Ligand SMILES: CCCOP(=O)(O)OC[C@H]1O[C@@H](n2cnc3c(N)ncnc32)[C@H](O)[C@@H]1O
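Shown below, as structure tokens, is a lone chain in the form deposited without the named molecule; questions about how it binds or moves come after it.
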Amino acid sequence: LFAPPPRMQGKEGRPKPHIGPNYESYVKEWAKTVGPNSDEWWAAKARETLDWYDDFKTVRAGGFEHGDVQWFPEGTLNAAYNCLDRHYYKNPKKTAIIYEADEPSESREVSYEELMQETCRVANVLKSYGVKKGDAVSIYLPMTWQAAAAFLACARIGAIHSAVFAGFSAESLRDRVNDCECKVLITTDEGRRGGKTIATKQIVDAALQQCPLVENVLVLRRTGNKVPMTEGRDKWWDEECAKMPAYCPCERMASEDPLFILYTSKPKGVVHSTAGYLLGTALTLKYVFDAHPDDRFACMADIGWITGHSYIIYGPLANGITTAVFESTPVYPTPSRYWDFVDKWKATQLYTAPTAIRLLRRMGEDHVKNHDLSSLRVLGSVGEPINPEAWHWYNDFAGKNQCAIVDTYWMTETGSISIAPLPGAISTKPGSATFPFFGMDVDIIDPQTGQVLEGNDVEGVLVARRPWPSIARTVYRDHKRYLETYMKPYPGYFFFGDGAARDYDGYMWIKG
């Protein structure tokens, strides 16, 4: 058992945590988000967190049985307005994105004004291409800052953006593009990762050789090298954006209008809504990572996954804080890249994967010992349960026994973090996700009998009793597959698909 460190207790000049200082406060706050009278809490949080064009009347409706979950159905809003405009109107010169390029000398800060102008130009280009509200736009982009714009531009005009990981081959890209039935694709000529060149344009051409519906391609000049260009179909990002105004009006979108499609690695196109997903990600980033207005969040993931969707673009920007876009690899040029970045930009939170931590552990302790890293307050892990060795190395070297280790468990269909300790309230056990988040009422079911186990020291499958705002709403044009995968195995519950155990203290352990 590791109590919260002094940095997370509001000492040494650090901001006081939102929830604390013990387990009782967390349980008192969490009891309001579930059960009989959670509607008032969720309505207050929704009206406090987001800006609405039209206010809503009903809080929640629907259920698991037919996949008709609804949250704030009567309200209208826009994700791009909540992530860009309302922050640009308040502090245009505040930094929104710290772009850590592949080569450290090319790193620079991007202000909210610059990101908003780029987003508006891209949205104008998309509208000129004929993209309407509810259309699909494919995005095949590497980890550059403009990718964020390419996301928000879609959310600005009501288009549904489908991100494809830049490392995917031509076949997977073709499958996802064909399934989403998009007509516009946004990509780069080449990408740069770890000193290596990714031929994104060549793969895009190979895939589009079998994609009849794609008519317009927008190519970003990331490196400026010679790449083939098909006349008429493909146009340069900069040349097209130079013709458009730096502002574009925001479409007024219903809360249940789809925001993006994310294909799981026939692929499942997971669909998320606008208001519920945005509210869930904003609340999770604010509370689980104890984000504050002047914080500098750093998530070392890729925008082609749900982690990059939630905790690089939508989450941090909805809160109006600085987020980091990291393009390199953890061991380029030297295995000290992460700590050099942290010391260079004074990052306050860090969010990486267990694999990177294990690789850095195998690389030695002569790349972390001589680093300051005093700005960090929270160290997070995402993707797999962490083993004690990596957890302790993370606590001892990355945090210098002074940062809270937040091990989070979630998946693409939950939208945001489901189970994770609150850094200012929960004492952490190495390798445990501890307790569920707001709006999440999870339990353990016997797989053989289907009944719900009661008490502590139990083990079974992990299920959720009631829907939460950021839950996935459907699988794109395959709702029957959605119901079969998530609702049919255990009626009345949402099936995560992972085993879970509850120890004597009530902590939840996820089995790999």
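Don't overthink the numbering: it's just position in the shown sequence, from 1.
In what follows, reference is made to the form deposited with the named molecule bound, a form of this protein that is not presented.
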- Query: With the partner left out of view, is residue 407 within 4.5 angstroms of the named molecule in the entry with it bound by any non-hydrogen atom?
  - Reply: yes
- May I ask you to state whether residue 411 is within 4.5 Å of the named molecule in the entry with it bound, using heavy atom distances? yes
- Query: Might residue 129 be said to contact the named molecule in the entry with it bound, defining contact as any heavy atom within 4.5 Å?
  - Reply: no
- Task: Spell out, yes or no, whether the shortest heavy atom distance between residue 283 and the named molecule in the entry with it bound is within 4.5 Å.
- Result: no
- Task: Please determine, with the chain shown alone, which of 100 to 108, 411 to 419, 388 to 396, 253 to 261 has non-hydrogen atoms within 4.5 Å of the named molecule in the entry with it bound.
- Result: 411 to 419
- Query: Thinking of 85, 153 and 322 as one candidate spot, does the named molecule come within 4.5 Å of a heavy atom in every one of them in the entry with it bound?
  - Reply: no
- Note on the structure: As a check of understanding, the residue in 428, 274, 381, 216 with any heavy atom within 4.5 Å of the named molecule in the entry with it bound should be identified as 381
- Message: I need to confirm a contact call. Of 306, 182, 164, 125, which residue comes within 4.5 Å of the named molecule in the entry with it bound, counting heavy atoms only?
- Response: 306
